[PDB]
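Observations on chain architecture
Here are the chains, one letter per residue:
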4 protein chains.
Amino acid sequence: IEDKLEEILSXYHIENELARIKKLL
Amino acid sequence: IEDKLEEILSXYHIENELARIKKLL
Amino acid sequence: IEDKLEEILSXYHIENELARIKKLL
Amino acid sequence: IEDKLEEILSXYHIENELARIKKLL
């Protein structure tokens, strides 16, 4: 389990990419 | 652990930014 | 806790909005 | 519960779609 939460935390990137997209607009 | 879920909840922002992107289109 | 996972599941929407964005492009 | 984390892991796609969006810009 503490494992599955670690793999979920593997979301920061999603954020980063959203920011990048905004920059692209 | 209750900790790792707190850091995952640190997603609301992802939503917000998506909405912002839509506004940019 | 089972609670914090319920609030995390409150991501489907993120998907939906991404799809919508694509449609906007 | 290990179940709710499995359904949360059902985020990889979110990533993929973001990448696709970038490609669309």
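Residues numbered from 1 in each chain as written, not as in the entry; some residues may be left out. Chains lettered and ligands numbered in written order. Heavy atoms only, no water. Residues with missing side-chain atoms left out of burial classes, pairs and counts.

Deposited coordinates in this entry are attributed by the record to X-ray crystallography, at a stated resolution of 2.00 Å.

A word on the interface of chain D and chain A
Test applied: Residue contacts follow a heavy-atom distance rule, with two residues in contact if any of their heavy atoms lie within 4.5 Å. Elements are defined by DSSP. Helices are runs of H or I of four residues or more, strands are runs of E of two residues or more, and each kind is numbered from the N terminus.
The interface is formed by 13 residues belonging to chain D together with 13 residues belonging to chain A. Of all the secondary-structure elements, those providing two or more residues to the side of chain D that touches chain A are α1 (2–9) and α2 (12–24) of chain D.

Looking at the packing of helix α2 (residues 12–24) of chain C against α2 of chain D
Note the following rule: Only C-alpha atoms enter the line fits that serve as axes; for helices the fit covers just the stretch in contact. Angles between N-to-C directions range over 0 to 180 degrees. Here the word oblique covers every angle except those under 35 degrees (roughly parallel), over 145 (roughly antiparallel) and from 65 to 115 (roughly perpendicular). Crossing handedness: left-handed means the near helix sits turned counterclockwise from the far one by under a right angle, and right-handed means the same turn made clockwise.
Two numbers describe how α2 of chain C lies on α2 of chain D: the axes approach to 10 Å, and their chain directions differ by 15°. On the basis of the axis angle, α2 of chain C is roughly parallel to α2 of chain D. Relative to α2 of chain D, α2 of chain C is oriented so that their crossing is left-handed. Contacts from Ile14, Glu15, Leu18, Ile21 and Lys22 of chain C in α2 of chain C reach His13, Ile14, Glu17, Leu18, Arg20, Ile21 and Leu24 of chain D in α2 of chain D.

Section: the relation of the copies chain A and chain B
The test is simple: The way the copies are matched up is a least-squares superposition on C-alpha atoms.
Mapping chain A onto chain B leaves a residual RMSD of 0.0 Å; the transformation is a rotation of 90° accompanied by 0.0 Å of translation along its axis. Taken together, the turn and the small shift mark the pair as related by a four-fold rotation axis.

A few points about the interface of chain A and chain B
Listed as interface residues are 13 residues of chain A and, on the opposing side, 13 residues of chain B. Those elements giving two or more residues to the side of chain A that touches chain B turn out to be α1 (2–9) and α2 (12–24) of chain A.

Some thoughts on the pattern of salt bridges
Stated formally: We count a salt bridge whenever a side-chain nitrogen from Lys or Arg sits within 4 Å of a carboxyl oxygen from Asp or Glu.
Between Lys22 of chain D and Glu17 of chain A there is a salt bridge, and its shortest N-O distance comes to 2.9 Å. Taken as a pair, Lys22 of chain D in helix α2 and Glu17 of chain A in helix α2 lie in two separate chains rather than in one.

Looking at the environment of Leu18 of chain D
The topology assignment puts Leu18 of chain D in helix α2. If we skip the residues at most four places from it in the chain, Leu18 of chain D touches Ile14, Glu17, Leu18 and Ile21 of chain A together with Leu18 of chain C.

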